[PDB]
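The structure appears below as structure tokens.
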Amino acid sequence: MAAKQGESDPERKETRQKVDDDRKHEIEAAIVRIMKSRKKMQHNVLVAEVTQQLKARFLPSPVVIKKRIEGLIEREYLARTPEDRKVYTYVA
């Protein structure tokens, strides 16, 4: 039989396709900044504001916004009024 050697060296096995994010974060910070100064704001009003405040870069959709806010309320960040659900209230 025969063993023989070769030329080994490269074996990092790296890719680097998705390290960090931002698209699903920039919209989250916008809602916090507004709710901090506005305190109380409706759903549409909050969406129309954030959706318009983040147009210079990309075209965000209420979709991610509705989901992002849904998490804040559970994270003791935002809240809803007893009268209507569409209405929100800062509680952070």
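Following the order of the structure tokens, first chain is A, next is B, and so on, with residues numbered from 1 inside each chain and ligands from 1 in the order they appear.
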Check chain A with DSSP on the backbone and list each residue it calls alpha helix (DSSP H), as an MDAnalysis selection string. chainID A and resid 26:38 43:53 62:74
Set the distance at 12 Å and use only C-alpha atoms: which residues neighbour residue 52 in chain A once local chain neighbours fewer than 6 positions away are removed? I'd like the list as a PDB file with N, CA, C and O atoms, in the first residue's frame.
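And here's around_33.pdb as it stands now:
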ATOM      1  N   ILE A  27     -37.395  50.101  12.899  1.00  0.00           N
ATOM      2  CA  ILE A  27     -38.810  50.422  13.050  1.00  0.00           C
ATOM      3  C   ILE A  27     -39.243  50.312  14.508  1.00  0.00           C
ATOM      4  O   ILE A  27     -40.163  51.004  14.947  1.00  0.00           O
ATOM      5  N   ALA A  30     -38.169  53.479  16.372  1.00  0.00           N
ATOM      6  CA  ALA A  30     -38.992  54.611  15.965  1.00  0.00           C
ATOM      7  C   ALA A  30     -40.275  54.679  16.786  1.00  0.00           C
ATOM      8  O   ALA A  30     -40.711  55.758  17.188  1.00  0.00           O
ATOM      9  N   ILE A  31     -40.875  53.518  17.035  1.00  0.00           N
ATOM     10  CA  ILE A  31     -42.107  53.446  17.809  1.00  0.00           C
ATOM     11  C   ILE A  31     -41.866  53.861  19.258  1.00  0.00           C
ATOM     12  O   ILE A  31     -42.741  54.440  19.901  1.00  0.00           O
ATOM     13  N   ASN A  44     -53.288  53.337  13.748  1.00  0.00           N
ATOM     14  CA  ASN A  44     -53.055  53.908  12.425  1.00  0.00           C
ATOM     15  C   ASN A  44     -52.116  55.107  12.506  1.00  0.00           C
ATOM     16  O   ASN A  44     -51.174  55.225  11.722  1.00  0.00           O
ATOM     17  N   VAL A  45     -52.379  55.997  13.459  1.00  0.00           N
ATOM     18  CA  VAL A  45     -51.555  57.185  13.642  1.00  0.00           C
ATOM     19  C   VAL A  45     -50.104  56.808  13.917  1.00  0.00           C
ATOM     20  O   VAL A  45     -49.180  57.443  13.408  1.00  0.00           O
ATOM     21  N   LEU A  46     -49.911  55.771  14.723  1.00  0.00           N
ATOM     22  CA  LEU A  46     -48.571  55.305  15.064  1.00  0.00           C
ATOM     23  C   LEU A  46     -47.895  54.675  13.851  1.00  0.00           C
ATOM     24  O   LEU A  46     -46.697  54.858  13.632  1.00  0.00           O
ATOM     25  N   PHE A  58     -35.647  53.021   3.543  1.00  0.00           N
ATOM     26  CA  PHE A  58     -36.411  51.999   2.835  1.00  0.00           C
ATOM     27  C   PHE A  58     -37.910  52.230   3.000  1.00  0.00           C
ATOM     28  O   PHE A  58     -38.333  53.189   3.644  1.00  0.00           O
ATOM     29  N   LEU A  59     -38.708  51.344   2.413  1.00  0.00           N
ATOM     30  CA  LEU A  59     -40.160  51.451   2.493  1.00  0.00           C
ATOM     31  C   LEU A  59     -40.732  50.397   3.438  1.00  0.00           C
ATOM     32  O   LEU A  59     -41.156  49.326   3.003  1.00  0.00           O
ATOM     33  N   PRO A  60     -40.754  50.690   4.750  1.00  0.00           N
ATOM     34  CA  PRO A  60     -41.279  49.762   5.756  1.00  0.00           C
ATOM     35  C   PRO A  60     -42.793  49.608   5.664  1.00  0.00           C
ATOM     36  O   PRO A  60     -43.498  50.535   5.265  1.00  0.00           O
ATOM     37  N   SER A  61     -43.288  48.433   6.038  1.00  0.00           N
ATOM     38  CA  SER A  61     -44.720  48.160   5.998  1.00  0.00           C
ATOM     39  C   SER A  61     -45.273  47.947   7.406  1.00  0.00           C
ATOM     40  O   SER A  61     -44.588  47.406   8.275  1.00  0.00           O
ATOM     41  N   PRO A  62     -46.526  48.371   7.651  1.00  0.00           N
ATOM     42  CA  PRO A  62     -47.166  48.223   8.961  1.00  0.00           C
ATOM     43  C   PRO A  62     -47.089  46.796   9.490  1.00  0.00           C
ATOM     44  O   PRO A  62     -47.111  46.569  10.700  1.00  0.00           O
TER      45      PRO A  62
END
Contacts of residue 84 in chain A at 10 Å (only C-alpha atoms; same-chain gap of 4+ positions) as a PyMOL selection string: chain A and resi 42+80+88
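The spacing separating CA of residue 83 in chain A from CA of residue 49 in chain A amounts to 22.3 Å.
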Compile the contact shell of residue 89 in chain A as an MDAnalysis selection string: residues with an atom at most 9 Å away, counting only C-alpha atoms, same-chain residues fewer than 2 positions apart removed. chainID A and resid 35 38:42 78:81 87 91
